[PDB]
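Undergrad: Dropping a structure here in structure tokens format, bear with me for questions.
All Cβ positions, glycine included, derive from the backbone under ideal geometry; neighbour counts span all protein chains shown. None of the figures in this text is laboratory data; all of them are computed from the coordinates on show.
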Ligand SMILES: Cc1cc2nc3c(=O)[nH]c(=O)nc-3n(C[C@H](O)[C@H](O)[C@H](O)COP(=O)(O)O)c2cc1C
Ligand code: SF4
Ligand code: SF4
Ligand code: SF4
Ligand code: SF4
Ligand code: SF4
Ligand code: FES
Ligand code: FES
């Protein structure tokens with residue numbers, strides 16, 4: 001349908017798709033947080049940044065977001081561009097400024113999308129020396145535990161719960177760097193599809209409470225396909 | 001034990017006529033309730049939500065987002081002093097220091113009797129006319145630290 | 001005479017406040033090449049992760065020290081003591097009561113929970129290192 | 001200077017202003033050619049002809065970007081099934097150093113009403129909303145009185161002046177966030193939502209308020225529209241012999257002799273505003289730096305005066321013209337403290353949607369607080385440089401963050417010595433652990 005040029009190579013992709021879902025289908029690793037295949041693209045986390053050129057001869061282009069950019073015919077992009085790589089590392093660095101030192105006692109550990117993207121960008125050295133922001137937690141019922149300190153403000157939880165699942169009791173509160181995702185007050189999440197939040201949230205804010213009674217890491221699990 | 005009063009309720013439904021959606025009246029509904037009571041209490045979030053026909057998490061999201069809508073109890077008179085860049089050049093820090101001596105509080109805190117609450121605010125749009133502050137709906141310009149006690153006396 | 005870095009008997013150490021240092025994160029078990037560590041996480045009413053059981057099969061252990069270097073709490077350490085011997089191989093299987101010693105061992109001062117954001121007794125939110133106080137969304141200050 | 005011959009020809013915006021600084025009502029407004037613009041539009045001209053006239057005149061937006069008003073008005077659909085259209089008037093004015101719209105709504109309220117009336121007929125919008133800030137108390141009193149004054153003279157409501165046009169105007173006060181002045185975030189605030197901006201494309205001309213065609217215009221942009229139609233497209237073009245047409249509300253604020261606001265044509269140089277209108281600096285103060293158009297603009301020096309106040313002339317000098325309301329910085333303001341105040345405002349006014357604004361800007365604030373106190377470390381200034389590069393246009397979701405770093409990058413470029421004075425402590429972000437030898441760089 002459409003042909004795009006990525007990092008010198010040439011590929012055939014669907015024109016209706018955006019550049020993140022085109023390139024992930026070809027096996028090109030682009031980091032991302034706020035995009036979901038079911039939920040669509042909003043452009044919040046700015047992690048999916050690639051350098052886009054106007055044509056084959058344009059040497060200096062601009063950084064766009066691949067989840068928000070259509071894969072039109074004639075597209076010239078570079079994932080491995082140095083300025084794109086530095087910016088993608090910086091987005092992880094900005095998310096790491098307020099993240100708690102919680103991975104040994106986090107139930108998302110070993111199954112954490114934030115852990116995977118941090119390694120994938122190659123950010124391993126801390127420069128930030130100032131204080132971290134903290135949040136108190138809510139009670140969300142017998143199924144889902146709440147730890148707002150681990151939130152990276154990707155907005156996936158509210159987009160799933162209100163837009164997709166049509167739940168009414170989860171929203172975003174506050175402003176600037178004090179944004180809080182949760183309920184207006186403590187209490188059980190009313191939706192019959194609340195438990196998909198543990199897979200939808202890329203961090204360990206929403207985790208399975210029934211699994212945290214008898215916790216084990218993902219590598220120690222024995223799995224089978226079942227119904 | 002919050003109940004929407006019969007005049008607050010009529011004021012909210014008056015402004016639902018001026019929009020396609022009743023969701024658009026949510027900001028004014030919060031200001032209507034706050035004008036009568038000083039601040040928006042916790043039971044007013046569900047009260048406004050059921051009148052407008054939108055969920056309470058949407059109402060609470062709006063109220064926490066907007067700075068002037070208050071979700072904590074304030075004093076009888078709110079003092080809002082400008083701390084932006086043009087007021088910084090004209091000497092707001094001397095006004096802030098004079099406000100912290102007459103009231104013996106810090107910004108974000110109310111007075112012990114509850115007469116005044118002290119809050120910083122953005123640029124009031126009166127930049128050419130000096131350091132600026134607001135007490136309720138009244139704007140005072142050309143502020144000096146000596147003028148601070150006499151100005152406060154008017155608001156009892 | 002043994003040097004300080006000698007790789008003999010494996011112990012689990014304690015905090016300077018006196019609690020066990022292991023948070024049952026299972027990194028030592030997975031990093032072991034021989035697969036000689038089994039453990040299960042338990043959690044107190046305070047909310048502190050701790051191991052329900054800790055089991056090392058010393059018949060299989062090669063004393064490589066990969067478990068010690070994997071540990072993000074300094075709980076598991078290798079001590080200068082080679083004095084081991086048994087009549088039964090079943091007695092080479094050590095439980096947590098055979099491994100947990102009374103003090104902090106090689107690293108006298110490190111406490112992991114002081115770093116961690118997670119809230120336990122004695123450390124509410126904002127009482128950790130480089131952590132500010134929690135600000136509510138309902139706060140009057142913008 | 002204090003005597004200015006305000007004429008209908010050279011001061012269309014401000015010549016009706018009274019000397020006692022009191023507002024002008026519909027009886028007084030109509031004696032000095034008031035609503036005559038909207039008579040020539042509604043009774044004699046088509047909606048398309050008015051849009052081309054505003055395009056031919058060369059009217060640019062006064063909100064701080066300077067896009068063409070007639071081109072933006074031509075982005076609307078030509079479909080006849082899209083019957084519900086809205087006109088929104090941006091009366092937010094939350095940028096520091098911006099006090100221009102306060103003059104126009106408090107003392108000349110019918111000027112905005114007439115300007116919105118003509119613009120609504122051209123854009124075919126049945127409803128108009130004035131998005132006023134809630135701090136402007138006397139603006140809301142005078143606007144709501146002037147609307148009800150015009151509703152009984154038949155200039156608003158249904159069958160305005162005998163034509164088929166029916167337009168209903170509203171004033172709704174804001175709840176106090178600076179990002180509500182962003183035009184897509186104004187639409188979300190009007191809808192009763194958290195004021196996040198929207199991604200463009202699509203544009204609000206096709207999909208705006210409640211998924212309807214919408215046009216958002218600044219107060220001062222709308223006030224130019226009655227002058228154009230009443231006098232003619234040729235008068236407006238020949239006011240100044242410059243690439244920017246019409247008159248602008250230009251001013252100087254700060255520690256100057258006569259802070260204020262004067263209507264001036266484009267191409268007036270900044271030194272003329274500072275030394276003839278504003279009376280220069282106060283006695284015992286030297287001139288250090290100036291921001292041309294509010295808080296979001298890059299700083300400029302004394303060498304950058306004698307340079308005209310146009311969009312591309314300030315653009316080639318490394319800055320943006322913005323609101324055209326300039327702020328003077330004298331020799332007694334420490335530049336690091338001035339920037340720290342600026343970034344504190346910008347950080348706390350972030351809507352929180354996108355990562356490099358929500359998390360990048362608080363890091364800049366904390367570094368500047370360290371620099372101001374003297375606790376800055378040697379890697380701090382190179383971090384501020386990196387933040388400015390990565391918060392530029394297209395990297396964040398809206399233009400808030402690019403406007404935030406524009407004072408920061410100019411102040412490092414022109415005043416690096418005061419930023420370098422903050423660096424008095426070495427680099428250490430880690431504490432020693434007994435029994436563990438560190439990795440020594
Ligand atoms: C952060 C931000 C704040 C803004 N604030 C205002 C404002 O207060 N008033 C205004 O007229 N435009 C403001 N704008 C510009 C608007 O987004 C928009 O460009 C303008 O209202 C267009 O109208 P105009 O063509 O008449 O200039 C702001 C833009 C940004 C990015
Ligand atoms: S959410 Fe991921 S990165 Fe954060 S503490 Fe848990 S495992 Fe670590
Ligand atoms: S709670 Fe989880 S899903 Fe929701 S914004 Fe935070 S990190 Fe994203
Ligand atoms: S000994 Fe260390 S690595 Fe092993 S489970 Fe305990 S804390 Fe984790
Ligand atoms: S020393 Fe090596 S073999 Fe022994 S328990 Fe530790 S990792 Fe396993
Ligand atoms: S830059 Fe991003 S976070 Fe800042 S105001 Fe714009 S959308 Fe919100
Ligand atoms: S994944 Fe594309 S901007 Fe978030
Ligand atoms: S900066 Fe103080 S009112 Fe504008």
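Undergrad: Given the options C:45, C:41, name the one that is within 16 Å of ligand 2 (Cβ to nearest atom) and either more than 11 Å from chain A (Cβ to nearest Cβ) or part of a strand (DSSP E or B) (or both).
TA: Values: C:45 fails: within 16 Å of ligand 2 (Cβ to nearest atom).
Result of the check over C:45, C:41: C:41.
Undergrad: Does at least one position in segment D:154-171 carry a residue that is crowded, with 23+ Cβ neighbours inside 10 Å and out of contact with any helix residue (DSSP H, G or I) (no Cβ under 8 Å at 6 or more places or on another chain)?
TA: There is no residue in segment D:154-171 that is crowded, with 23+ Cβ neighbours inside 10 Å and out of contact with any helix residue (DSSP H, G or I) (no Cβ under 8 Å at 6 or more places or on another chain).
Undergrad: Return the residues of segment D:166-197 that are more than 19 Å from the chain's Cα centre (by Cα) and within 16 Å of ligand 7 (Cβ to nearest atom); say none if nothing qualifies.
TA: none
Undergrad: Please go through (1) within 30 Å of residue D:127 (Cα to Cα); (2) under 21 Å from the mean Cα position of the chain (by Cα); (3) buried (at least 22 other Cβ atoms within 10 Å of the Cβ) for residue B:36 and return the number of the only condition it doesn't satisfy.
TA: Going through (1) within 30 Å of residue D:127 (Cα to Cα); (2) under 21 Å from the mean Cα position of the chain (by Cα); (3) buried (at least 22 other Cβ atoms within 10 Å of the Cβ) one by one, residue B:36 breaks only (3).
Undergrad: Among the residues of segment D:91-142, how many are part of a strand (DSSP E or B) and at the interface with chain B (Cβ under 9 Å from one of its Cβ atoms)?
TA: As a first pass, look at segment D:91-142 and keep what is part of a strand (DSSP E or B): D:91, D:127-132.
Keeping just the survivors that are at the interface with chain B (Cβ under 9 Å from one of its Cβ atoms) gives D:127, D:129.
Final tally of qualifying residues: 2.
Undergrad: Wholly within segment B:1-119, which helices (runs of 4 or more DSSP H) include no fewer than the required count, namely at least 3 residues that are within 14 Å of chain A (Cβ to nearest Cβ)?
TA: Details: elements: B:6-15, B:26-37, B:43-52, B:56-65, B:85-89, B:92-102.
It comes to B:43-52, B:56-65.
Undergrad: Testing residue D:343 on (1) part of a helix (DSSP H, G or I); (2) away from every other protein chain (no Cβ under 12 Å), one condition comes back false. Which one is that?
TA: Checking residue D:343 against (1) part of a helix (DSSP H, G or I); (2) away from every other protein chain (no Cβ under 12 Å), the one that fails is (2).
Undergrad: Output the number of residues of segment A:121-147 satisfying the condition of being away from chain D (no Cβ under 14 Å) and part of a helix (DSSP H, G or I).
TA: 0
Undergrad: Just to verify a result, which residue in segment A:89-111, among those that are surrounded by fewer than 19 Cβ atoms within 10 Å (Cβ to Cβ) and more than 10 Å from chain C (Cβ to nearest Cβ), is farthest from residue D:366 (Cα to Cα)?
TA: Only one residue fits best here, namely A:111.
Undergrad: Sticking with this one: For residue D:391, state whether it is crowded, with 21+ Cβ neighbours inside 10 Å, over 18 Å from residue D:197 (Cβ atoms) and either more than 9 Å from chain A (Cβ to nearest Cβ) or over 27 Å from the mean Cα position of the chain (by Cα) (or both).
TA: no
Undergrad: Out of D:261, D:285, D:274, report the one residue that is in contact with a strand residue (DSSP E or B) (Cβ under 6 Å, 6 or more places away or on another chain), crowded, with 16+ Cβ neighbours inside 10 Å and more than 13 Å from chain B (Cβ to nearest Cβ). Lay out the reasoning, then the answer.
TA: Values: D:261 fails: more than 13 Å from chain B (Cβ to nearest Cβ); D:285 fails: more than 13 Å from chain B (Cβ to nearest Cβ).
The conditions single out D:274.
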